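Two forms, one protein chain; structure tokens for each follow separately as structure 1 and structure 2.
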Structure 1
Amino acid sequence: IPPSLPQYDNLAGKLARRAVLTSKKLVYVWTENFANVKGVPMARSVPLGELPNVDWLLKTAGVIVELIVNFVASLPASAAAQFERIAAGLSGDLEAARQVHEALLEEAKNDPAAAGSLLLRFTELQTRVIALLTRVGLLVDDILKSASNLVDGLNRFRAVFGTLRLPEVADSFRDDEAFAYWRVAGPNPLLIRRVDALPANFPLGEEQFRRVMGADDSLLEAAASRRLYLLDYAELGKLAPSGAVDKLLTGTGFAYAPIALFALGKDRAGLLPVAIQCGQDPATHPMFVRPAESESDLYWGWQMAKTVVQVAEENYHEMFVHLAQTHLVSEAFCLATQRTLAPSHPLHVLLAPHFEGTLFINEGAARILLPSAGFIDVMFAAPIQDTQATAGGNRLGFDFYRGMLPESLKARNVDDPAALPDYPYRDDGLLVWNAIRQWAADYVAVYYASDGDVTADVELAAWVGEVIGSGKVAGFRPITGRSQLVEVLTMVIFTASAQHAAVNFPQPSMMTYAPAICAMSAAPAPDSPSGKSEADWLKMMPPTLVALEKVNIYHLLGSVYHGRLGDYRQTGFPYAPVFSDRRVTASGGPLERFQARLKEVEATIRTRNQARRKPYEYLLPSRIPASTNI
């Protein structure tokens, strides 16, 4: 049976669906008082049908067990003794669970007709792997309680990896061009903007600019030729505390809201860092200017200033770009969808796959990552109550329309490949955005023939109402026609899939090594550009506990690829197609066209990567999950 809009469904359909929605609303319940994320709309609890499937669980547990084994193996034999039996037991039990899963799958295959008799056993396996994860929880608590015993000046930052290979950034982090390239190809491709005139509170002058870029360049010429780009972290607010923040677990930490200027040379061959101010007030933050190789008295001040930017970057990236603007946005769309679009509504069928695992992973962020003494309280400088409030405020202020990729690119004046040629997030992102848009256009056209079909759809009206109201999605507005609906669906889908991928999957290769990036520093911003030493810079590096949590959490969160954009098949048993409607699934139809377009996009991106200075692979469709689930 094809899905239907409520105004067209037959009566038995209409009453069945309104009763289903009355039921859904008892199961999927809004709160703004979820523990550790006050003010953000959340599910009160995760319904049974929203727990992760076995396939996700085995993937996630697999990575976690690899990390446990790696940790235990890095310990001295004496310390390892406390944990070896437990670690061996987790490995063996996970393997046992894989085998149960594989047996169940082969049993279903031997008699597909009898496969419904297996569903309790499939949920029993889900329960079992979740219980395995509870045991992991207990082991993590124990490791952390014994952190003192277990846990060029940087050897401790290598040691925490065990036998995991250090990422490339461990080699290249001090390099100026590499630093600049984070701005366009790193986990946070969103903050960088063109600058036409400098902020008043960033008094970089003509003479300083020419010192760096050459006597034949100028601020005026560079600005006018679209060669100046600014990173300004003012929006971090309380994520950049004024001073020292003393915590029990990590001692004294600092973070920052700096401003940094980058420029292209006249040949536009690449972005170069020009100047950094380590906070918003120039009266208390001197100007650091890019030093020449011979200026050994400026060298370490400049390394310190870049580390200041990178501290700000982890705070901005993780709390805003990643948690607030992917995870916590998709939370709202998940809840509105289940509460207001009947399961037989075609938009429910389309969107549900894009929220698989979202409620679960988000409850995990709040319960595990955000309480006092949790990962974020360890890894991020600000008091945890300030972090929670600031991330939440950022989610609440995120404008849905202004946040769409093309609008973002335009508002920041970074949408012109002629002016800023090397911007992989922009160029690959647009390919994926546009492919999704055509799919959304095609799919909408199946079910909505007129703008009348959009305005007369009472479920869609209720959905918009809940997204605006209970969901507190800023900038969302009434949907009055088909083209608008398409732009909306494109954004909801892109957000859930590609955007999350682009800002989540860089975590292992770019964020696991604390000297290259960390959301806390152990020292104030450099007080002068001149006369700093390696020892002054080393003082900024975090306590080892920070590094230990960092390598493990960022490896995990970027190593689970579950589901794939466009596949539209269940990702757990029985792995059936999402769509039944032959208008969607037919040969040469909307779905096949979307699938084929994504492979075209993949081929284009691979071609682009052969010619890039470094490959950018996060927006390869083959590496984009349909949902935000890790």
Structure 2
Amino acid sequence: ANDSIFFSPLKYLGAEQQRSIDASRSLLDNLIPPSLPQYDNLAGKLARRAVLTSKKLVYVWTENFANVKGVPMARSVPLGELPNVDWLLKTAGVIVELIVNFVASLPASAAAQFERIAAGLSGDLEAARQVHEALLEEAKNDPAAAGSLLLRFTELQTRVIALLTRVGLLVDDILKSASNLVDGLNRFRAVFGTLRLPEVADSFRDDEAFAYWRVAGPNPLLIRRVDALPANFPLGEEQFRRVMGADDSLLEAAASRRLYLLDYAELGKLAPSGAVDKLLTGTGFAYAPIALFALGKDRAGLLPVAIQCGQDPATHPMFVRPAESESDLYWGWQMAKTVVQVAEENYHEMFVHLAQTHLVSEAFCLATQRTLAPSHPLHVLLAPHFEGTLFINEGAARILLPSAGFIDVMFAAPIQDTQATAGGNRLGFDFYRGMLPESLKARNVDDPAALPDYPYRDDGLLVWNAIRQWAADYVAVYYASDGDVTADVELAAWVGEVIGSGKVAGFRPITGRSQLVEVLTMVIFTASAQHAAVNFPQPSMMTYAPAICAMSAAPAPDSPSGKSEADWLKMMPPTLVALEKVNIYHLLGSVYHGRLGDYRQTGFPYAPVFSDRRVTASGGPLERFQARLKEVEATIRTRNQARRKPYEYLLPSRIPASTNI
């Protein structure tokens, strides 16, 4: 029953209007000069306490989010946290391109079901792009009336959101008929279509290339120096010398800091004990192997020495690097290296990428929005580093993590085991122990003289140190002493929410400036640099199934001797896994939205992030950071000229500011 006078506002307020209201209000609230709560006046203190109260209604913690139980998540994505037009157009462009490529590879009869819908999505996307360009053209022609254009930018966001919703329906329909739509490695090339194969497709079988994944691949975090081999990896002196030459020894290589180990023990349930039979993918296997790598005396390149396909040496024979002439050991070796790569996609995707970047930044985004006022300088600094993070994480949980989803198809373990393991790893990830300088130190991979070719370390420290100086300079503008740090009630509440609801292991009270600098560096590096280094290798290193796959269709090799090409081929996944792998990995590594150090809004009007003149001064803190980034960029390009293969993931021009893909 109605119509009541009190229902008068409700008649015309929609989500679109509310997005426009909020966007215009988000430029107005930026005019407020940033201040620490203790330095704000009474009026300022009251307003910020009222905003934070209303922020807690919108940004709500949950540990019961679908498909990610136990992981602190946002109950829902706020209106203002949906991706801006610029992110949506880029992402829709890649997805439409991929759908068009997939449908073109389908037999005409099977393609007939999707070709008309995909071409309509292509025309509509191009029309939406022409609207964005035309809006940008109007803004340049009349900058005074740019504020009045905001409404037409919101209408385009609604348009691209509706287009991506239609894209979502088409994907569902393609996947609903997935199994029915489905050298020996020809099926692995065929899934690409018009897309060119990555560099790995030609180099993967090479022993040096395989070892190089440990230092310049998507997972550069697990490799460690080994001083004495573990009791569960019984590689003997004679076996070592057979690979390393008659004049080398295990004891001297260990003392001369030349021995490096990959141990996948932490995979737990991501490495099932045996066969895992699934409806869509048949019988799947994944592993927790141990692998030994060594540097020669000259330390030229890292070489694979030995592989054990599991934790128990009693049930897992020792596979040793064979000679060009040892024909009878050739295939067993390719199978053992395939076991490491299977373990690698599981460890990289679920821990290094999913748990350690995405799911960590989820917690810091929520804590920032709930406890640091929009006028707080730490909020101003951190908010660009969380752009699109809540949205992309909700997508991982709802789109990638359900039963019969991409991860259920691509990763061997039962889907519940995958969710619980990825989740468990995130809860266990120590904030302080996970810092680049600390990770290098703990693993004894920090010394360039001991291990020269380690691109992630060298390029990573350049970015890490550039960020710490920026954070040190920024903190210094607002905190004149350690007293200002402890007297900050918002920062204190931010710490309390990170430890408590945030469940970030190792996080502790922030009692001073230096500590606040290290915390900020880790938060910013994790959201930007660390995410870029582990996400952007996905198209060039992970799209081709024979080079890496999170599931194998046959058990680990049972013997180093007597294996054949057919035995190794039996490990290759079914076509559906390869199909999903090429499409998801190209998508995830093709969207570069925002850039580290830019500090401008990534959506119209693209206004500066900082209004404080002390931050934005000529030669000031912000300019110095941007200039240091261009120096780091030039240093890396010089290093890549001398490297065996260019490592380009940590080039600052390729680092987005946030985790948004």
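Superpose the two forms; the largest set of C-alphas matching within 1.5 Å is the rigid core. Please note that residue numbering is based on structure 1, beginning with 1 at the start of its sequence.
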Of the candidates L556, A234, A445, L105, the only Cα that travels 2 Å or more between structure 1 and structure 2, given a rigid-core fit: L105
Displaced residue check between structure 1 and structure 2: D171, CA, 2 Å or over, core reference: no
Cα displacement of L118 between structure 1 and structure 2 reaching 2 Å, rigid core superposed: yes
Between structure 1 and structure 2, C-alpha offset at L430 (rigid core aligned, Å): 0.1
Cα shift between structure 1 and structure 2 at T127, which is computed once both forms share a superposed rigid core (Å): 2.3
Inter-form CA displacement between structure 1 and structure 2 at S74 - rigid core frame, Å: 1.4
